[PDB]
Every structure is written in structure tokens, then in C-alpha cells.
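Participant: model this:
(chains A, B, C, D, E, F, G, H, I and J)
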Amino acid sequence: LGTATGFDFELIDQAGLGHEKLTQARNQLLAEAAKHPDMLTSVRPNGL
Amino acid sequence: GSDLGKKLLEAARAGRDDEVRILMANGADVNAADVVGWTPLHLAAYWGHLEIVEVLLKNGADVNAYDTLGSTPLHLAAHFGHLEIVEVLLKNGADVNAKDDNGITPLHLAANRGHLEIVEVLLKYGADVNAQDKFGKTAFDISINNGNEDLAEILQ
Amino acid sequence: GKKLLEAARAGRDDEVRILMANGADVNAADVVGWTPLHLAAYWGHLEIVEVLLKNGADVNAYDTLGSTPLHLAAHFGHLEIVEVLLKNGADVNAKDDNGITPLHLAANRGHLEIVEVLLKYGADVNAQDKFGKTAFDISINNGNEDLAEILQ
Amino acid sequence: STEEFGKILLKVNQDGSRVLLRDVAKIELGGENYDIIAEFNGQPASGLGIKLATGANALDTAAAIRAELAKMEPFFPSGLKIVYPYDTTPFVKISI
Amino acid sequence: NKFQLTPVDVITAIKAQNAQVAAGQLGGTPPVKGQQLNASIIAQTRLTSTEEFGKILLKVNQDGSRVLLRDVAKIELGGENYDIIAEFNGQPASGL
Amino acid sequence: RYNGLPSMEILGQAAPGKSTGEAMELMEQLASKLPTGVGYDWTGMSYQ
Amino acid sequence: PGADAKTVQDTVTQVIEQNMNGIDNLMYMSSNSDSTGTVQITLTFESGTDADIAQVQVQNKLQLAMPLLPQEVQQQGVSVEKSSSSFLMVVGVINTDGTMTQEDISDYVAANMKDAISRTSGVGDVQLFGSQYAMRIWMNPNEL
Amino acid sequence: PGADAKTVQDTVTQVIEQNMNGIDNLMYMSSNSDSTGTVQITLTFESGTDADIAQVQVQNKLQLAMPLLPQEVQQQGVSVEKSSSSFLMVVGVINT
Amino acid sequence: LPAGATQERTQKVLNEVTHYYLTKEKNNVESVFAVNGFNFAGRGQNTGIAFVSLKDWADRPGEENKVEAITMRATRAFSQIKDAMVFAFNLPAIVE
Amino acid sequence: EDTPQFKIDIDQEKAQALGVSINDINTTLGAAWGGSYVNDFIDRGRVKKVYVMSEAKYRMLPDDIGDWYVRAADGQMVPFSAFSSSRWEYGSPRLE
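Facilitator: Numbers count the residues shown, from 1 in each chain, chains lettered A, B, ... in the order given. The protein structure is shown below:
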């Protein structure tokens, strides 16, 4: 079960965008999450 | 090749405009290369980060710097279709007829991926249209094989 | 009006009579050029063949590939039909687009009684198909010993 | 892409000219097969016919499909729209 | 050996002449609009008789003579294995 | 990949004193403003 | 692909059918081999049979027949399915502009909606009313 | 053996994922395809699903999808197991 | 459709079938999702099927507007279609 | 019911003289008029099939069969007409 207070999130390519675009949407979601350290903390990519 | 050099490498390829500025203030290396010979200029060019490229070029970065496989940032820009980055590099001294180890010029790569605007610009800065790769192909050749009618017109 | 093609095929004898009496073309042809005679020959309805022949069916009607209803009965061993068609006019030396006689067809399928009947009506035994094979060539290669000797 | 298929080199000639796949065939994106073609109320359609797994619950299953489908709607291209032409389920619900 | 052939050549022949071919059709989808004819195309089928296998052409020599399978082998229906024989009260039998 | 489509897994926790359904709701909210064609799902403990 | 009823029967259907034995509660078996190129063997079980296990057994025998089937038939992937015969529902998909052709929509439905409906628990079978795209190389014999 | 993440995903992972249908009580399915040549695909079932049944269903589908995979991969095989991150113990064996 | 008919032939009928529901039974029929290329029984090119959903039980008052009457009336009319077999029928309580 | 079928007989002797491979005949006949699934490709990040086949206009008519050439071992192109022959016959489309 990992962490309570902890979450597990999947970003999904629902229209054939590809790797580069998905890395980008990820970047955006991460950066825009880093700008709320009062709700979101330690929000990170699981992969390489 | 240093604490800040590598740090800068990271920052350029991800395009953290601000972190670059700071490192630039701090004197981080502009010739820091990774294992394949890519400098933060290459990284910024491949990934299309205009502000950084402009910034790095002001700080004495090498514009004709070249990977272990002979490829300059202009290549990466032309190939990957960043018009604005191509113009800057060129205006800032870039070699327009640079040939990677395979004899492939930046004209060649733009031709193959059909970025015509980039082609004109490279043509405008005097790219040898007759120059040929190790296999002996011109950018016109690349065009006819790919069947780009519009592009082959330009390359005549 | 080609309920006749169907009824031929289907083997319904009155249905062929009644639509024959109501005018419908004896030589109605389906997409591949089979006439109700082609059909009746292939399905082996002797009774239909007679009726169609009474009402002036083209006994040498050809299909898109050029086989006649004679060609079919020979290949399929409907003896009575082979006779009836031969009598009523049928070119016994007929060739489809591959140079194939009804003799070739009856020969290859080892229908020996039919080989003779064709032979009686004057079938060319030296007729070569498009590959240069004769009915004898067929029997020798099919290894049919009876038929082979019958062809001399 | 089609462009990339057309470019495949069948043979280089005696003179040096190139023979490409595009030079002997029409490269194009099109069906695996061409046997099934639907219309919805006269209009060009597609869709999927759904058979209920052995023993599985009709109503419950239908629900799961509408739930999955709803996750798909936001990502549809312009104009794309699901319609509900045949459904055995609502009779069950309505009648109970 | 007389015909300069091996079991290998026998096998190849049998594979090529005892074939069952998917050949296609005339007027298959996608059709040229206005086609009238739809018919399956039949090519080779599976052989059905001991004789048909006999005719299998192995080769043809320069002089034009033709070497058949029957010219190098006996050809009959017989079991996949000859390992199992049953008798019933010592009379020939099979069984389950 | 996640349920058939390309994906990128994202981890994180709720900040000090916040619930997970709050941190989740924000991620959900923050994700809506991502580029078109990008969707998201909750897996693992978060699914549950 | 491109095979006739007889070629499909005598090359697949029969070979499969002959490996069907020792399968519990089996009431009967029926199959169609047809001119599109398609087989459809339906083994029907005593009411009360666990469908999950009827699937496991049938498929077991089938794995024996599989490599006797022809490469092309294997390569289309054979299915084994435990569904009712009737349609539960048809989910229709149209484009309320005309920015997408019939071909276009089918390809959307196939590469974007089908797999997931296919994976939904409860869903025996999903029939695509149309075809997913394929890279079609259309040959010309003169040029060839 | 010797494949890059994309090669693995595009020749193996997709083909398998594409064939994971008709399986019962799925909740979600995740997969990673990497630079070492390996793919894992994890199908996770509802609570209370018989893991034996779930495992056989998954493998029966993989079996069927197998001829769709590259030679060198069917050759290596594709193992299907239950996920349990519970070891009783780990015996180390070293040379001193 | 008869032996060796084409998509075009079949579609023409489908059109007439679709037409009938859209014009004559417009007061009763909501949707007609029709497919060219299969029909319960067969699956060919001379084959077609049509799924038809009705407007709600309320806007269909009386015996004449319920399915048994509609489908008998549809089938009756459809008989006048040259060179085809066109059946409209209710699906029963237990499909089995 | 049964329907007209186009039966092509490949002359094994004639083929064997010209130097044309029976493999070559059957594949040529088959890919063109039937379709062949060569391999997969990626189309906007999803694995799909590549198909080879004849353009509709060269597989519509019985006369088109002779327009297909196969190359013999001596390099010469040989029309399908040099080594085949044809007739109409009746087969089933749906064997039960």
C-alpha cells in the first residue's frame, strides 16, 4: 500500500500525441504542481 | 566538466530560463560537454529553447561546437525545425556548410524533414546547394526521393 | 424474365415448360454466360435438356471462357445428355479458350463410355489443348490403362 | 506514413535509376478489410456490436460500457458523437 | 537414384502439388463501383486419390520424358503407424 | 503505458496536514488545464 | 485472408474440429467455414457448466491444433470467446459535421475506443462495424 | 535480446496489450517497456477474483497473441506469473 | 441477396429498407443502424442487417404501433423488393 | 446455395519448363487477388497492419488474370496465361 496522504497518478495520451508531447504535458503538470507546496508535496515522475 | 557546467547542461536541455541566467551570472561553463560532445548550445538547439540559445551565445558559447559525431548545433536546429533558433545561430556566426562525419550539412537535414522555411533561410545565408553527403546525395536528391514537389522547386 | 435460368438450374420441370410457353428466351445468359442449357447440362437434368432443345436452344452456346454445354456433360459424365446434345447438333470438336475439347474433359475424368460416344460422333483424337496434350496424353499421364488403349 | 512506404526501394536499375514502391503501387491508408459498412439513419456511421459474456449481468455490464465510453468523449475529434441505435437493456430497467 | 532424386525432392513436389491455395476472388471488396461479378477464385486443391499422388511431377529430363512420383515409389492408403495390431478371439480387429 | 495508451506515472503526497482527497482534487483540477489530448487516471492506492 | 469456404474448412475448421475431445458437459458442436475466409466453431455446453472452465478446456485442445493451422491463419490471431450469440447493444458512432468519412470514423473507433470496451468485464465479444486502418499498398501489374 | 525500449514496445508490448480482451474482472492494466529488452505488463483484478482463474485467462490470451510476436521473442518465451511482492526468505550464496 | 450479388446490389436494398423505416414508419421508428456485409446467418457481400429502435411506448399507442404489427407490416411491404429476401422480425423473450 | 466459381489450373509441367516457381505463381496469384498481410507499421503510435494487394481495377475481370506476370529463374517475365487454364464451376460459399 505505499503511503497514506500519498497518491499514484497516471498521465495519459488520449489522442496519439507521442512521447515528446507527453513529456511536455508532464513537465507542465509538475511545474504547476510545484507552485502549490501547501497541497502538493514531493510530486514526482516515476519513470526515467 | 564541473559542478556548474553539468548543472548548466541540465538547465539548457530542460529550458529553465531563469536557472540559466543565474548560472550565467555565476560563470558556469558554456563549453561543458556530455559524453556525446553536446554543449548546452546543442541541447538548447535540439530542444528548441530560443531564449537560452540567445543567452548562451551572448556568453561566448561556441556556435560551431561539434559532437563526437561531427554535428554542430545548427544541424540540430535545422533538422528539428526551429526557424528562430536557426536564424540566431546563423546571424551569430554559425557555419552554414558544416558537414558532420557523414558529410551531411544542415541544408541536408532541413531538406529531408521538409522544413522549407529553414531551407530558404539557409539558402539565403549561402548554403552550398550542390554539396553532397558520403553517399553523394544533394539536398535536391533528398527532395526528389522524398517526393516533395514544393521543396524541389526551390532547390531547382 | 430469366426465372428460366433459375428453374433450369433448380431442375423444376413444369416451371421450365411454363416459362418456355410464356416466351422467355431459351438463350438467357447469367453473369458468366451460362445458358439454361449450360445449367441443365452441368446439373444433369436430362429432361430439361430435351425441352430446351425442342424450343431451339443454342446447342453450342459459349460462356465467358468458351465452354459449351457439351463440354460440361462430357466432363461430368452425364451420358444421356452427351448423346442428346451430340444428336441435336453439338460441335464435338469444340474448344474453350484453353484449347480444351469435351473429349479432353471426358478423357481426364476417366468417363470411358462418354469418350466412345464422342469418338463415334467424330471427335478429333489428335486435338491438342493449349499445352499440346491430347486425350491420349491425358490417359497415359493419368495412368488410365483402359482409356489409353481405347484411344488409338 | 504513406510517404515513407512509397519511398521504399524495390531495385536500382542497370542505368542507376531508382524503382520505388510508389512507382509500382498506390500507397494509401485504408481498411484492413472492406466488407463492413454502416449507416446511421442514412448517415455514414461506424460502431461496435457488443455481446454479453456468458453468465455476465446485462444491466451491470451495459453500465460499465457507458462509464468507459464517457472517459473517451472528451478526447474525441470535432464532430464525433456517440449514438444509441440498439440497446436491449433499457427495456429490462423500464419494465422492472 | 536412377533419376537423380532424393526424398527431399519428393517432399518438395508433394508440398507444391498437394497444396490448397487461397487464391482470392473476382470482384472482391473494395470493388470498382459498377462491378457485376462476384466469384471466388479456386486454385489448387488437396489431392484426394492414390492416383493423383502418382501423377505428381517430380521432373522432366532434356529428352522430354517425365518422371512421376509413381516412378520412384509405391503409392497406397495405409496407416500413419503400423505398430498396433489387434485380434478378437484371434480374428483380425480394430477397437476403441 | 496504462490501460492501452501511452502514459507517465506520477507520484506525490498531500502536504503537511492536508488530506489525500484534497491533494488529489487539486491534481485533478490542475490536470484539466493540460494540453488537449492529454487525460489522466488514478491508479494503485489512489484507484482504491 | 482470401480463402474460400472449402480451403478454410479443409485447412482450419476440420483440423480444429478433430482436436476437440474430452471436453466436459459438451452437448454439441457446430461450425461454418465461409468464403470471406472465416471459421466459426461453436461448442455448446450443458446448462450449469462453468463457462470459465469450458473456455479453458476448449482452448487447451485448440492449442494442439494451432501450429497445424497455416501461418496466415495464425497470424490473423484466432479467438476463443465465451459470449451469448445475440447483441447486447450496438454503440453507434457518427460525425455531426462531415469532417470525417465512414472510413475515418471506423479507424477512430478501432484505434481509440474498441480495445477498452473489449477489456470491460462482462463483454463477451466486440464486433467492429467497419475496419481499422491499414497501410494499403495497391499494386499495378503493368508497372510491376 | 538487444532491443531498445521502442522496439520492445512497438513489436511486443502493444501486440500483447492489444490482445488482452475477454478476460474477466480487470480493473486496470499497466506496462513498462525498457532499454534492456524487457517488457512487463501487469493486469490487476478486482478484489476476490480467483487468481488462478485470472492467471489462466491472461495466459490463454497471450498464447493466442504469441504468433504475432517476433521470432526472437517467441523463442525466449513470455512468462506469465502472479504478482506477489512477498518473499518468505532470500538465501544468499556467495564465494569467499 | 441471391448468389454472387455485390455490395452495391445489397446496399440498394438496405437503402430501400432504411427508406421504408424513415418515411413510412417515421411516426414510430427513431433509429435505423444498418450494416452491409453480414446477417446473423451468413456473412458475405450479398448480406445485410438493420438494427431498428422505436420511439417510446407512449408515442406508440395501441396494437397497430407495437412491434408485432410494425414488423409484420414492414415484412409484408419488404416482400415487394425485387430479387431479395428481406425479413423484419421481433427478437423473442428468451433468445435461446 | 452454390455459386459460379473461377477455377484456375496451374500446369505443373509448363511452369517447370519455363523455370517459374510454383511458390511464385501461388503468391503472385494470391497476394494480388486475395490480399496478403506483410507486416505491421506504426500509425500515430498504434500498431496496425500493412496489406499488399491489387488495385481494384486489375482484379475485377476474368480477363485480368493474364495481366499478371511472374519472373522465371532465367529473368524472363511470364504471363499467367502461359501456364494456366480456366473454367466456371459451382462451389459453396458457406460449408456447414
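
Participant: from residue D:24, how far out is the residue lying closest to residue D:23 once chain neighbours are set aside?
Facilitator: Spatially, and ignoring its direct neighbours in sequence, residue D:23 is nearest to residue G:143 (6.6 Å; Cβ to Cβ, 6 or more residues apart in numbering or on different chains). Any C-beta I mention is one placed from the backbone N, CA and C, and that applies to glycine too. Computed as Cβ to Cβ, to the nearest Å, the residue G:143 to residue D:24 distance reads 4 Å.

Participant: ok, those two, which is more surrounded?
Facilitator: Comparing residue G:143 with residue D:24 by neighbour count (other Cβ atoms under 10 Å in any protein chain shown), the higher total belongs to residue D:24, at 16 against 9.

Participant: for chain G, just list every one of the strands.
Facilitator: G:26-30, G:33-34, G:42-45, G:89-95, G:123-128, G:133-139 (DSSP state E).

Participant: JSON lines for the ones you listed, including mean neighbour count and distance to residue D:11?
Facilitator: Shown next, in JSON lines, are those (neighbours: other Cβ atoms under 10 Å in any protein chain shown; distance: least, Cβ to Cβ, whole Å):
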{"stretch": "strand G:26-30", "mean neighbour count": "12", "distance to residue D:11": "50"}
{"stretch": "strand G:33-34", "mean neighbour count": "24", "distance to residue D:11": "39"}
{"stretch": "strand G:42-45", "mean neighbour count": "16", "distance to residue D:11": "48"}
{"stretch": "strand G:89-95", "mean neighbour count": "25", "distance to residue D:11": "42"}
{"stretch": "strand G:123-128", "mean neighbour count": "21", "distance to residue D:11": "38"}
{"stretch": "strand G:133-139", "mean neighbour count": "22", "distance to residue D:11": "15"}
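
Participant: out of those strands, which gets nearest to chain B?
Facilitator: Closest to chain B of the strands of chain G is strand G:133-139 (Cβ to the nearest Cβ; 15.7 Å).

Participant: alpha carbons only: can I get the closest one in CSV?
Facilitator: Taking C-alpha atoms only, strand G:133-139 is exported to CSV below (Å, rounded to 0.1, in the frame of the first residue of the first chain):
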residue,chain,number,x,y,z
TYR,G,133,-7.0,1.4,-41.0
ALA,G,134,-4.1,-0.5,-42.5
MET,G,135,-1.3,0.7,-44.7
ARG,G,136,-2.7,-0.3,-48.1
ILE,G,137,-0.2,-1.0,-50.9
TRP,G,138,-2.3,-1.3,-54.1
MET,G,139,-0.2,-3.0,-56.8
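
Participant: just after whatever helix or strand residue A:9 lives in, pick out the following helix or strand.
Facilitator: Taking DSSP states H and E as the definition, residue A:9 sits inside strand A:6-13. Note on strand A:6-13: by DSSP H and E, the next helix or strand toward the C-terminus is helix A:19-34.

Participant: any idea how many residues pack against residue 38?
Facilitator: Just going to use chain A. Using other Cβ under 10 Å, residue A:38 has 10 neighbouring residues.

Participant: wait, I meant chain G there
Facilitator: If you count neighbours by other Cβ under 10 Å, residue G:38 ends up with 18.

Participant: who's in contact with the residue of chain G found nearest chain I?
Facilitator: Residue of chain G nearest chain I, by Cβ to the nearest Cβ: residue G:86 (4.7 Å). With contact set as Cβ atoms under 8 Å, 6 or more residues apart in numbering or on different chains, residue G:86 has these partners: D:51, D:88, I:91, I:95.

Participant: tell me which parts of chain D are close to chain H?
Facilitator: Residues of chain D found near chain H (Cβ under 8 Å from any Cβ of the partner chain) are residue D:53.

Participant: the lengthiest helix in chain D versus strand G:89-95: what angle between them?
Facilitator: Identified as the longest helix of chain D according to DSSP state H is helix D:58-72. Using axes from the mean of the first three to the mean of the last three Cα atoms, to 10 degrees, the inter-axis angle of helix D:58-72 relative to strand G:89-95 is 20 degrees.

Participant: what is the next helix or strand after helix D:58-72 packed up against?
Facilitator: Where DSSP H and E defines the elements, the next helix or strand beyond helix D:58-72 is strand D:80-87. When contacts are defined as 3 or more Cβ pairs under 8 Å, 6 or more residues apart in numbering or on different chains; DSSP states H and E, strand D:80-87 packs onto strand G:89-95, strand I:29-36, strand I:48-54.

Participant: would you turn these into JSON lines with distance to chain C?
Facilitator: Shown next, in JSON lines, are the helices and strands packed on strand D:80-87 (distance: least, Cβ to the nearest Cβ, whole Å):
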{"stretch": "strand G:89-95", "distance to chain C": "34"}
{"stretch": "strand I:29-36", "distance to chain C": "20"}
{"stretch": "strand I:48-54", "distance to chain C": "20"}
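
Participant: chain F is nearest to which of the ones you listed?
Facilitator: When those are compared by Cβ to the nearest Cβ, strand G:89-95 sits nearest chain F, at 17.4 Å.

Participant: restricted to buried residues, select the contacts of residue G:86 in PyMOL.
Facilitator: Entered in PyMOL, the line below selects the buried ones among those, by 16 or more other Cβ atoms under 10 Å in any protein chain shown:
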select buried, chain D and resi 51+88
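
Participant: make JSON lines from the contacts of residue G:86 and add distance to residue E:90 and secondary structure to it.
Facilitator: Putting the contacts of residue G:86 into JSON lines (distance: Cβ to Cβ, whole Å; DSSP: H, G, I helix; E, B strand; the rest coil) gives the following:
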{"residue": "D:51", "distance to residue E:90": "57", "secondary structure": "strand"}
{"residue": "D:88", "distance to residue E:90": "65", "secondary structure": "coil"}
{"residue": "I:91", "distance to residue E:90": "62", "secondary structure": "coil"}
{"residue": "I:95", "distance to residue E:90": "57", "secondary structure": "coil"}
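
Participant: most widely separated two among the contacts of residue G:86?
Facilitator: Farthest pair in the contacts of residue G:86 (Cβ to Cβ) is D:51 and I:91. Separation: 13.7 Å.

Participant: off-centre distance for the longest helix along chain I?
Facilitator: Determined from DSSP H, the single longest helix within chain I is helix I:7-23. Here helix I:7-23 is found 9 Å from its chain centre; the criterion is Cα atoms, centre = their mean, to the nearest Å.

Participant: same question, stretch D:38-57
Facilitator: Going by Cα atoms, centre = their mean, where stretch D:38-57 is centred and where its chain is centred differ by 12 Å.

Participant: buried ones in it?
Facilitator: With burial defined by 16+ other Cβ under 10 Å, the residues of stretch D:38-57 counted as buried are D:38-41, D:44-54, D:56.

Participant: any residue of it up close to chain E?
Facilitator: No: if you take Cβ under 8 Å from any Cβ as the test, stretch D:38-57 misses chain E, and the best it gets is 14.5 Å.

Participant: give the residue farthest from the middle of chain J.
Facilitator: Of all residues in chain J, residue J:45 has its C-alpha farthest from the mean position, at 32.6 Å, by Cα atoms, centre = their mean.

Participant: picking that back up, out of the strands of chain G, flag the one nearest residue C:50.
Facilitator: Taking these one by one with Cβ to Cβ, strand G:33-34 is closest: 36.9 Å.

Participant: who are the packing partners of the closest one?
Facilitator: Going by 3+ Cβ pairs under 8 Å, 6+ apart, strand G:33-34 lies up against helix G:5-8, strand J:94-95.

Participant: format these as CSV; extra columns: mean neighbour count and distance to residue I:84.
Facilitator: Output for the helices and strands packed on strand G:33-34, formatted as CSV (neighbours: other Cβ under 10 Å; distance: least, Cβ to Cβ, whole Å):
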stretch, mean neighbour count, distance to residue I:84
helix G:5-8, 23, 22
strand J:94-95, 18, 17
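
Participant: wait, which of these is closest to chain E?
Facilitator: With Cβ to the nearest Cβ as the criterion, chain E lies closest to helix G:5-8 of these, at 5.2 Å.
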